[PDB]
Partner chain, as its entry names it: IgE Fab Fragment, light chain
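Here you get one chain, nothing else, as structure tokens; it is the form deposited without its partner chain.
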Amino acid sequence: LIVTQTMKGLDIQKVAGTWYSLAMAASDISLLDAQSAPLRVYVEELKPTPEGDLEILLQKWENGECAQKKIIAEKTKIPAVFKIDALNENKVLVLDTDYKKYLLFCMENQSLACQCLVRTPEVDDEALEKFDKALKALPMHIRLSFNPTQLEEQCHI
């Protein structure tokens, strides 16, 4: 592991709905620098299933255009940790959430990216503070932040 913050008592059902990728950070600049960078992903919505897996809808710049993406995170024995089936299986960790305003999560394979998710297209200073505090314990080298205008655009244009 690298991340050692996970949320206790996570009720996955309650993260359902609309999210905005307010800020992102990664351990390597190449993970986030270009518009087409591997982990430069913009969360649209989370749909927990009844079995407790997590369907994710997001946007990614790929074809020289903003593409829709539907991916599936499978549950593990840890309620705050999920697993996506890629070539090498990537781990998703929910560090913290209050369900109604913000959610903080990291993705790790080694390399790592984290995001601050918010419910509304607004700069939540407080959620950004939690994000930054969760991150000082991590070796990040690129950090991005978006404004309310960009949050309402496809791929944060």
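Numbering follows the first chain given and starts at 1.
Omitted here: the form deposited with its partner chain bound. The next part is about that form.
Though the partner is left out of this view, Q154 does reach within 4.5 Å of its partner chain in the deposited complex, counting heavy atoms only. Proximity of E55 to its partner chain in the deposited complex falls within the 4.5 Å heavy atom cutoff. Put simply, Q59 is close to its partner chain in the deposited complex: some heavy atom of it is within 4.5 Å. Using a 4.5 angstroms limit between non-hydrogen atoms, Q68 touches its partner chain in the deposited complex.
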